[PDB]
Amino acid sequence: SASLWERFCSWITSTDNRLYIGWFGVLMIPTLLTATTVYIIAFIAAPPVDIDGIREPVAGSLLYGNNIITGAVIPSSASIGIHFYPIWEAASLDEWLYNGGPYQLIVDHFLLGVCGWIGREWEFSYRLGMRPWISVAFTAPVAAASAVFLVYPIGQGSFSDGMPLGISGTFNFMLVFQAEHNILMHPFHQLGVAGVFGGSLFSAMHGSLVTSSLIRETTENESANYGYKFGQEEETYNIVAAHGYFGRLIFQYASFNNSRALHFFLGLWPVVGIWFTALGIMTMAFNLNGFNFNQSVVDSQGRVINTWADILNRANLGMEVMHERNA
Amino acid sequence: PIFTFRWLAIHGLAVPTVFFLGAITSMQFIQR
Amino acid sequence: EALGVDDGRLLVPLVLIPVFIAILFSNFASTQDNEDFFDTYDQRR
Amino acid sequence: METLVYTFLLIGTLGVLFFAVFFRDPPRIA
Amino acid sequence: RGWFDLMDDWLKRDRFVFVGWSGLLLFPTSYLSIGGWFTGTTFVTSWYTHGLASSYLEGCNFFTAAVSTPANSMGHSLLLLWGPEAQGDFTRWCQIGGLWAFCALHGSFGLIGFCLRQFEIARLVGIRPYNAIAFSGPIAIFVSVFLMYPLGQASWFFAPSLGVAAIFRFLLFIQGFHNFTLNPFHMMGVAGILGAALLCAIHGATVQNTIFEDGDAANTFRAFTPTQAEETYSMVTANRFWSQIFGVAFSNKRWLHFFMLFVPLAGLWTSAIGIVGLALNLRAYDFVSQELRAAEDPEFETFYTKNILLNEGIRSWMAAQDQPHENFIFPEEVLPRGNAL
Amino acid sequence: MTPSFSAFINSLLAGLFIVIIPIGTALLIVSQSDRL
Amino acid sequence: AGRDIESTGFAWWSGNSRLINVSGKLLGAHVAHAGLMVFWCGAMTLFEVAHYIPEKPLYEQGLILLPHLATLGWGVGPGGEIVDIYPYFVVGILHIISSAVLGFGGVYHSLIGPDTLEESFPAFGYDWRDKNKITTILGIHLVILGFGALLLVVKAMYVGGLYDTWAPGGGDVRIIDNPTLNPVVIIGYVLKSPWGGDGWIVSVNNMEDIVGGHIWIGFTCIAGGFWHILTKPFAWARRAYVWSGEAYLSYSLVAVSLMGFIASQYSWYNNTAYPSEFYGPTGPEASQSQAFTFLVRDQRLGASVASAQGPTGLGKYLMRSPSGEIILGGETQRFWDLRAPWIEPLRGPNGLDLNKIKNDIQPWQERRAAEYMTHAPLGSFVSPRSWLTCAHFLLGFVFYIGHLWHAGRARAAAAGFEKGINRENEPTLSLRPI
Amino acid sequence: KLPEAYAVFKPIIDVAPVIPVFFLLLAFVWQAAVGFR
Amino acid sequence: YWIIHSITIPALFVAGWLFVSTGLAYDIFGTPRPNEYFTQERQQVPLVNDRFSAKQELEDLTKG
Amino acid sequence: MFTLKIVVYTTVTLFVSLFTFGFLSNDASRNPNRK
């Protein structure tokens, strides 16, 4: 109001917009939109990329014989490594497309966009006067994305080791990672699996307990969801009934009588799990691999008695030889 | 007192639990 | 080298644009009361 | 020809997202 | 009253651990399943079924100890202790993998008993039984993976063995022999599980960050009491935040909690459908068009073809030790390798 | 008559006399004893 | 009382939050934590010197502080060999003994010392909102840090010198006679690209640049400390920052998070401030050393399918870089940016010169290449570089998380809704819908 | 290896570096002593 | 409580210890000892081949 | 390629400057509890 810059600041940080922009959104929206359109264009019509750097390109585009499942944005060429590879650092646009430059473009703009999304979540929480730790929760998927897209290529020394922007490419990344590092035996991936399984279990349990104890505010001819009115001041379900049911399903001591503590635990468990699995990916990027229980049992004569870890190692070896096209 | 559901369930958990703990502790000192 | 600046013309956006916006910011900064407040943050705006 | 179907499905999903965002039922206090 | 009424009164008494009528099925079956798993992972070997050591007595740790599946020589036998395979001999019954069948059967009946327990406690408390319908997800997972899949296969041998490294081996074996990641039902299951974790985290953070200031203490856990007629967090503020941040937001708490219930359940049921499909080797292993394109064009390569090659590597380099009953002997020349492809 | 069928009959008898009868008898005795 | 949730509003698991508004106990807590850090340093140094096997190298024994002491020049001779471990023992003893004094100071200022300082010692008290006093404390500690950097400089140039891997014929303890004081080099290092081939500040490859940069850092820190002591924050700075203890904590948290990421990258990539005779070779160094050893064993003899120039265009294990230079071929092509002391004499203007490798090669270079090939961080043993990099990368990430948490809570507490929504004047109820 | 005079004090030194962890535990013990007030 | 549990619990722990140390676990559960994984005649992995002769086959395999 | 580089540099510098000077414009005062 006072000045032109003040009016611009008021519009940027305005809560009257359909989507809040904010200063973090000033960086988030251009980067995210650029990465989105480049990803769409590459997924539709990108030329094949020589990912391994030995002049045998790999196709990942729809126009080159891929479906939705098999389509991907191929990571950058192994000859590029982790060198910064924008469009202007390539001799020609064909050379830039041939070496997987759009992968670097999408990855960098997407990481900037998700950082801006974290900041924008904090910014709108501050604008609305609420508590700011939703962004702390969102840091975990951002950490996982940065570990699979940036940290692992940095540790390995090439963006070709990053996760391809696709479905079958993602599966290939998982299989090659398991072969190279034995992530299944890594305790941090085990913590991440526990986190996601517990998140599913706790989401289902919380939904079941709230839906089970819904206070009757509706008739049989309509959905029970209409028993809750948006903006109502009363609670839509009986906390006491759900607590009693849960404390009778298991022993009485195991129950979350405090709703705030229950929701804090609901927020905490999967976020901590994803944090741990992202940290595990980051550590294995620098070759801090998982547990090795191979040849852990031998007889008196010294012959190795195989365990399930030996079978897992056999599968990892079978994947390893196929992944390495060289000796 | 002598017999209660809680008592029987606790001992059904504990009498094998202590037996298995003793067995595993013995396994720890095997020549292997 | 430097800020990826291998051509001198690249320095034109890197200086003129931050200055120009700053000039706009100056019109904001001169409007605000710039005295001490002794608080966690300044509510005067 | 299947690429046309794939692109059509993706664009339709994106348009459904756009209409769900910008043409939702406006929440109100009852 | 009658004897049945008195037994019903006693089973329904408010004790520390609720028993109920469903307890008569749940407690013995679950207790026996857990005890048998501990016994197998502590003492019972897998040397005569898989050619593996899986027990603490043999030197295994928590990760590598497992209750391994029965030998492939047994078909889909119930492997009763008194059955013709064991004929009452406990040692031979343990050596042939009968303890796995013991654990699996008594555990399936324990899951049934726990589902009935949820139904009974919901009926007695006086609430809707949306538990034991959520638990139908895990029940379907167990039935499809540990029962239906081996029944569709040659024997119980190809079921998952009850162990950590055994489960990891099962994952890699299914990936190699079925390409289960490519299965769309497994994709829906992964989407359901990840979305359920997302919903749990986002709902917890949203509730914790939209609480009303109902206390003077900086730590806000004390500000809530169970006997509250008022909501502890602002639904309007949360709806505004997520509608202007994400573009869409929940406005009905009941719909939000039903959705948080529905996503993992739907994911688990879709994954169960996929595993049932795998049980008969009816797998979405390959795309015919991509295989035909790769056959007539050696310069055509996608990540799907690389996945096919990786699955071939798992199958050939694990078949010999993962299926010792088949007596697979593969020379080094026939083993696929990245070099000389 | 085969050993398998003898084993099946003995299994039915064992399930009756070791699982069903003891648990049912204990349940009835405790239920009738504790009328509360 | 001030030591319970009833009088403070903070639970036991957030109990140190009760130390925000009491100065003496906060100072005691910080001094006690400093004593803990010094105690760990001394104890771990004694532990490492107690487990040091003379025949094995430092990086094969899981040691991380002894390489730090060896880089400073203590107890190391030519070629990175360790002569005596007595100076390391002295360092550990001095740290573990000063830890007792620091711990006593922390215990005194925490338990029996005054809770608040301004009522009894006005020169040390503060309010977290008096910007001048906080800037004065910042300036004093800035002067301390600058003097520490100048102490490192004095060690580099006067007292013994520093170990240099780039000395001819292997590394040696050298006095840094002429550090690089030219501002252009330092600014180019600070403004360099962080991506592959440039490396930003991690790519400093000589000791003279390190000593000159530390000279600049020390003098700049002294000047900035005197500045912040003698000045007050300007109008643009006052209106931009939150002025509270938690806000300053969050600023320090993000700073140390960035520092932890930088240190992890330094340990992973840099072989000048982290010599490979002490920390082991880097992953690129190990891969290039394996390739170079194979190249040498092809040049000599020649039965490994390479006896003449017939294979490829150049010799075996050779190819051309994306910019046209001659590099080692194979899977190690991604590591062509590596610069190592044992391979620099064999590299010319166009890259690796085949005839120079044939003739101007030295036995110590071959020994270094073989011993680095044996111990590979990526593979061919858990490298100490791997431990340092993983640990400090994890620490940087978790401290970024802590910065986000504490900055958000500082903003909420300054604004005044960190305890929840008021429920009497709800902000979203005043805003119009949509 | 430690110097000759200090060799016999190898065990306590081996216990030394893990002392700070106990300090953390000690804090919890103190919070356990006062009833987590 | 502690009076009964100061006798029953240690005795049970010692019984569990002796169940392994005396070799009774191997006999009861059929787990091979470290010196009897491969016999002189059978140096291969022993595997059951028929379900209805499994008891006799295991008796033949474990006889040595 | 130089024109694309100068356009990208212009755009990035503009957006970064907008971000920096927007968070310098007393952002803490833009809260509903400010009076």
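So that you can tell them apart, the chains are marked A, B, C, D, E, F, G, H, I and J in the order they are listed, and the count of residues begins at 1 in each.
Following the convention adopted for this analysis, a contact is a pair of C-beta atoms (placed from the backbone, for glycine too) under 8 Å apart; a residue touches a chain by one contact, two chains touch by 3 or more.
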Mind having a look at which chain is the central one, using mean CA positions? A
Would you say A-I or G-H is joined by more C-beta pairs in contact? G-H
If you average the CA atoms of chain B and of chain H, how many Å lie between those two points? 34
Taking the mean of the C-alpha atoms as each chain's centre, how many Å separate chain A from chain D? 23
Going by the touch rule set out above, which residues of chain D reach two or more other chains? 22, 27-29
Residues of chain B that touch two or more other chains sit at 20, 23, 27, 30, 32
Which residues of chain E touch chain B in their complex? 15-17, 19, 27, 31, 35, 38, 42-43, 56-57, 59
Taking the complex as given, what residues does chain A use to touch chain I? 298-301, 303, 305
Interface residues, chain F side, partner chain E - complex: 3-4, 7-8, 10-11, 19, 23, 27-28, 30-32, 34-36
Which residues, counting only chain D, touch chain A once they are in their complex? 2-3, 6-7, 9-10, 22, 27-30
Residue positions on chain I within touch of chain A in the complex are 34-35, 37-38
